[PDB]
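Undergrad: Starting off with a structure, shown below.
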Amino acid sequence: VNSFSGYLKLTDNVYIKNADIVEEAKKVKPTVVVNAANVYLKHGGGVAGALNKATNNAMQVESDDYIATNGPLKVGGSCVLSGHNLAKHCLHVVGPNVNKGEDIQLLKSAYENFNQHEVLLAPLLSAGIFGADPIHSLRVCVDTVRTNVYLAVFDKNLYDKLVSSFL
Ligand SMILES: CNc1cnc(C(=O)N2CC(c3noc(O)n3)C2)cn1
């Protein structure tokens, strides 16, 4: 028994809620929040910018030090950094950005990073400004992640469509 509330059970291990992931993290303070990162950990907009803004830019400062030491992530890859005021840890995961010509087949590799963590609060990877169809992202999530994932989907209309069309 954990502290997530009002999630709709989609599968054995996937739950879903209409919520802004930033607001959910501030309330729950989960062990792991997933960021929709890019390989440079440049969190200017989207989920990353919203999460980073909620940390008063401390996420960006930590991220810049990480990149200066380690270089960029791979598309499909991840790193674990601090969760600041939002979580114990932030798992920065790079889904493919369709708008940049990245291979959608890398979405499954991106979701595999979630399996290293027992429980996560997460958005749908490659959604929003990453340009993939959320319905596909949810299918890959369900078919790839075996650990307990709590999906916070910002758009109420997208949320309703995700649930209603779920197989
Ligand atoms: C001000 N707070 C926020 C929160 N989120 C975003 C964002 O860019 N997105 C992409 C959206 C999404 N649709 O589905 C899934 O899983 N995520 C959520 C921006 N600002």
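Undergrad: Going residue by residue through the stretch 116-130, is there one that turns out to be closer than 17 Å to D20 by Cα and surrounded by fewer than 22 Cβ atoms within 10 Å (Cβ to Cβ)?
TA: Scanning the stretch 116-130, I find at least one residue that is closer than 17 Å to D20 by Cα and surrounded by fewer than 22 Cβ atoms within 10 Å (Cβ to Cβ), so the answer is yes.
Undergrad: From the residues in the stretch 127-142 that are more than 12 Å from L10 (Cβ to Cβ) and free of Cβ contacts under 8 Å to residues at least 60 places away in the same chain, which one is nearest to the ligand (Cβ to nearest atom)? Reasoning before the result, please.
TA: Applying the first criterion (more than 12 Å from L10 (Cβ to Cβ)) to the stretch 127-142 yields 127-137, 140.
Filter once more, keeping what is free of Cβ contacts under 8 Å to residues at least 60 places away in the same chain: 131-137, 140.
Numbers: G131: 11, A132: 10, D133: 10, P134: 5, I135: 10, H136: 12, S137: 7, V140: 12 Å.
Here the answer is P134.
Undergrad: Does any residue of the stretch 103-116 turn out to be within 15 Å of the ligand (Cβ to nearest atom) and not in a helix (DSSP H, G or I)?
TA: To start, the set of residues in the stretch 103-116 that are within 15 Å of the ligand (Cβ to nearest atom) comprises 107, 110-111, 114.
Filter again for not in a helix (DSSP H, G or I), leaving none.
No, there is no match, as no residue in the stretch 103-116 is within 15 Å of the ligand (Cβ to nearest atom) and not in a helix (DSSP H, G or I).
Undergrad: Report yes if some residue within the stretch 51-66 is part of a helix (DSSP H, G or I) and under 14 Å from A122 (Cβ atoms); otherwise report no.
TA: Filtering the stretch 51-66 for residues part of a helix (DSSP H, G or I) gives 51-54, 58-66.
Next, only the ones that are under 14 Å from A122 (Cβ atoms) stay: 51.
Within the stretch 51-66, one or more residues are part of a helix (DSSP H, G or I) and under 14 Å from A122 (Cβ atoms).
Undergrad: Quick one: in the stretch 37-61, which of the residues that are β-branched (V, I, T) and closer than 17 Å to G131 by Cα is farthest from the ligand (Cβ to nearest atom)?
TA: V39
Condition check ((1) buried (at least 22 other Cβ atoms within 10 Å of the Cβ); (2) more than 16 Å from the ligand (Cβ to nearest atom); (3) over 21 Å from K108 (Cβ atoms); (4) under 17 Å from the mean Cα position of the chain (by Cα)) across all residues:
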residue	(1), (2), (3), (4)
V22	no, no, yes, yes
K26	no, no, yes, yes
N35	yes, no, no, yes
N70	no, yes, yes, no
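Undergrad: Another question about this same structure. Can you work out which of the residues in the stretch 131-167 that are of a type in the set (D, E, K, R) and over 24 Å from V28 (Cα atoms) is surrounded by the fewest Cβ atoms within 10 Å (Cβ to Cβ)? Give the steps one after another, and end with the answer.
TA: Looking only at the stretch 131-167, we keep the residues that are of a type in the set (D, E, K, R), and these are 133, 139, 143, 146, 155-156, 160-161.
Within this subset, residues satisfying the condition of being over 24 Å from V28 (Cα atoms) are 133, 139, 143, 161.
Values: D133: 13, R139: 16, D143: 11, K161: 14.
Here the answer is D143.
Undergrad: Moving on. Does the stretch 8-16 contain any residue that is in contact with a strand residue (DSSP E or B) (Cβ under 9 Å, 6 or more places away or on another chain) and crowded, with 18+ Cβ neighbours inside 10 Å? Can you show your working first?
TA: Residues of the stretch 8-16 in contact with a strand residue (DSSP E or B) (Cβ under 9 Å, 6 or more places away or on another chain): 8-10, 13-16.
So of that shortlist, the ones also crowded, with 18+ Cβ neighbours inside 10 Å come out as 14, 16.
Yes: the stretch 8-16 contains one or more residues that are in contact with a strand residue (DSSP E or B) (Cβ under 9 Å, 6 or more places away or on another chain) and crowded, with 18+ Cβ neighbours inside 10 Å.
Undergrad: Those residues that are within 11 Å of the ligand (Cβ to nearest atom) and in contact with a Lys or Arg (Cβ under 8 Å, 6 or more places away or on another chain), I need them from the stretch 143-158; list them, please.
TA: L151, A152, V153
Undergrad: So if I check each of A50, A58, which one is within 13 Å of the chain's Cα centre (by Cα) and farther than 23 Å from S109 by Cβ?
TA: Numbers: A58 fails: within 13 Å of the chain's Cα centre (by Cα).
From the options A50, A58, the qualifying one is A50.
Undergrad: Give the residues of the stretch 73-102 that are part of a loop (DSSP other than H, G, I, E, B) and either touching a residue at least 40 places away in the same chain (Cβ under 8 Å) or surrounded by fewer than 18 Cβ atoms within 10 Å (Cβ to Cβ) (or both), sorted by residue number. Walk me through how you get there before you give the answer.
TA: Of all residues in the stretch 73-102, those part of a loop (DSSP other than H, G, I, E, B) come to 73-77, 83-88, 94-97, 101-102.
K74, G77, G83, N85, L86, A87, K88, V94, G95, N97, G101 - these are the residues of the stretch 73-102 that are part of a loop (DSSP other than H, G, I, E, B) and either touching a residue at least 40 places away in the same chain (Cβ under 8 Å) or surrounded by fewer than 18 Cβ atoms within 10 Å (Cβ to Cβ) (or both).
FYI the Cβ positions are ideal-geometry reconstructions off the backbone, even for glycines, and counts take in every protein chain you see. Read the figures in this text as sums done on the coordinates, not as results from a lab.
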